[PDB]
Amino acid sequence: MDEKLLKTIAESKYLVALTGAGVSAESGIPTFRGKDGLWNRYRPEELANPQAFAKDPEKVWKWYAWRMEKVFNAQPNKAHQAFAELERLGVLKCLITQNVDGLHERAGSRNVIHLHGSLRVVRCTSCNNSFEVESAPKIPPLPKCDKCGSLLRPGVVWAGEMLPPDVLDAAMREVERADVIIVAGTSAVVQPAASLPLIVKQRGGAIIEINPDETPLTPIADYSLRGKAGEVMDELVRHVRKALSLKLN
């Protein structure tokens, strides 16, 4: 919490944010690399594989239905709320997220780019069908397609796969027009997201990183808040609404 930090956020011309699983952790959703991620002694990187779904669809789907039921009952925590607020007040123009939970929209956020897909999405492993669901499917019985009849999968992006074309470009646009970016709850490793903030930094724009841990992005972000996105973001937006009251209006 600094005057310059605030002045920066306050005077943004096109401020954007990039969120990761860390931002939802206080909502009870396990991160991807934290100890809270171990599911049956499995690391997330061992199930979100395109091969793992092939080696054994049963196990992977159990993991997803399990995650789904959790995200579908979870409540958007303070951090989510703060970003939703920062967009209402007009400061934040766009929110880029790697999370697949709809915890941001549940806070109210309008302009949201889902780089890695959504859990509400279930597309086909055979045809071109895809739909949104409301509940987690009791997994014991493997999900089949209501059309061409075949195997269904989580409408999310796995490693080695490729994120929706249009989506990355829309993001490439936001950060290519942004002057300031808030990077919260992400480990600064998985690409091509990690590279997004570096873009702003290249064009001169400013970076604000919110993370309890030091990350390979820290060493270059203009400012670096050491805490949980819940507190930081909330206490932050609180001072932003105050700073927002100055000049012409």
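Heads up: residue numbers just count along the shown sequence, starting at 1.
Annotation for 209 to 217 versus 46 to 54: the higher mean temperature factor (C-alpha) is found in 46 to 54. Per the PDB record, of the two stretches 168 to 176 and 123 to 131, 123 to 131 carries the greater mean B-factor over its C-alpha atoms. Ranking 138, 80, 116, 93 by the C-alpha B-factor listed in the PDB entry places 138 at the top. The PDB entry assigns its highest CA temperature factor, among 103, 142, 159, 156, to 142.
When all modelled residues of the chain are sorted by CA temperature factor, residue 10 is found within the middle third. Residue 59: CA B factor lies in the highest third for its chain, per the PDB record. When the CA B factors of the chain's modelled residues are split into thirds, the value for residue 150 lands in the highest one.
Residue-level temperature factors show residue 84 in the lowest third of its chain, judged at the C-alpha atom.
Residue-level temperature factors show residue 225 in the lowest third of its chain, judged at the C-alpha atom.
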